[PDB]
Protein chains: 2
Amino acid sequence: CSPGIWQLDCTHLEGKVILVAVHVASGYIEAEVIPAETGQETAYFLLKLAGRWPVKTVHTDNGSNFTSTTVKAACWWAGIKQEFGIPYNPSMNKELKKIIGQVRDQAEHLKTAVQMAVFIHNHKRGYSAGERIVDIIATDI
Amino acid sequence: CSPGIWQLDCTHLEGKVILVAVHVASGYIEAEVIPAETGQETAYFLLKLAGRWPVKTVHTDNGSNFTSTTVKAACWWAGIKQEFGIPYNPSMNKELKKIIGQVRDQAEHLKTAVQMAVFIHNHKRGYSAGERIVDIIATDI
Ligand SMILES: Cc1ccc2c(c1[C@H](OC(C)(C)C)C(=O)O)[C@]1(CC2)CC[C@@H](C)CC1
Ligand SMILES: Cc1ccc2c(c1[C@H](OC(C)(C)C)C(=O)O)[C@]1(CC2)CC[C@@H](C)CC1
């Protein structure tokens, strides 16, 4: 609901790892294939994300993702706090996997199809996710 | 001046290649270390960028960057045209290298320092580049 909240999760496809970041208020997605589920990969991704968008808090469906000192150092440097207002009651990852499968045959590498699917998701329409995120953030200013 | 214009260039540091994308109207930067100056690296970067921002035209200071069929295919799929309104009369890359040098000792890897410098650049103040780009794009809507 708030404009600075992002949710980060990893999902798996074709034996590879996809890190998926969702801007909760807009549905806008940032995703990319990473070599492994490691603290260093998560930390580097957070640093990239935080330099491109105003990231205030981060949530996840796997709390242990954020236990490594390397991730904690990346949140510390970027001024990112953990999100505590989003409960866990056991979506976009399935929508993303659906789009990836639709375009998968158009690219050789999974990482390319992932970026094609991010493009499709963020620009699909009644605004698009890419339109909503900028309107939410700009309005917050 | 127009909200869909980006300029892409590669610069070199520590024997590595930095791809730098600048949103011309705002000064907002996206940058990352890439293994080599190749058409495939440029194409993948453009696909990523185009899924995150509304990219209409792309300029560069090295026209031959955009001659590979692989880059042409990435522009074709994302609907990106070449920018023809920005002449070439022989800046941000120097500002970026300045910031990188300031933070370089705080990280082991150059790629990390680059993302730290992107963060510093985009959030430095009279708005910041990250504030201007969202205001420009949102206003365009
Ligand atoms: C390797 C490779 C070779 C050639 C082409 C592609 C690629 C993709 O890999 C890179 C993004 C790293 C260049 C891929 O994974 O096939 C295109 C078309 C032409 C790029 C644009 C895409 C929209 C379609 C796939
Ligand atoms: C390898 C490595 C190991 C440990 C730490 C870091 C790193 C950096 O590399 C990754 C971003 C890939 C994790 C680096 O290049 O040193 C930090 C602190 C702790 C991450 C946060 C940064 C703001 C400072 C450097």
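Values below: every heavy atom of this structure, side chains too, minus hydrogens, waters and symmetry copies. Order of the sequence lines fixes the chain letters, A, B, ..., with proteins taken first and strands second; residue numbering starts at 1 for each chain. One-based numbering, in listed order, for ligands and for the atoms of each.
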For ligand 1, run through the N/O pairs with the protein that fall under 3.5 Å and put one pair on each line.
| unit_1 | atom_1 | unit_2 | atom_2 | d |
| --- | --- | --- | --- | --- |
| ligand 1 | 9 (O) | A:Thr112 | OG1 | 3.3 |
| ligand 1 | 15 (O) | A:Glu108 | N | 3.3 |
| ligand 1 | 15 (O) | A:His109 | N | 3.0 |
| ligand 1 | 15 (O) | A:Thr112 | OG1 | 2.8 |
| ligand 1 | 16 (O) | A:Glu108 | N | 2.7 |

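Between A:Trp53 and A:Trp6, the ring planes lie tilted relative to each other; the angle falls in the 30° to 60° range.
Judged purely by distance below 3.5 Å, without hydrogens or angles, the side chains of A:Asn62 and A:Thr60 never pair a donor atom with an acceptor atom.
For A:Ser26, the side chain to side chain donor-acceptor pair (under 3.5 Å) criterion is met by A:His23, not counting sequence neighbours.
Screening B:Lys97, B:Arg104, B:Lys111 against B:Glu14 for a salt bridge (charged side-chain N to carboxylate O under 4.0 Å, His left out) leaves a single residue, B:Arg104.
At least one cation-pi condition fails for B:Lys72 and B:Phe66: the charged atom is not both under 6.0 angstrom from the six-membered ring centre and inside a 45 degree cone around its axis.
At most 12 non-hydrogen atoms from other residues, nucleotides or ligands lie less than 6.0 angstrom from NZ of A:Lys56.
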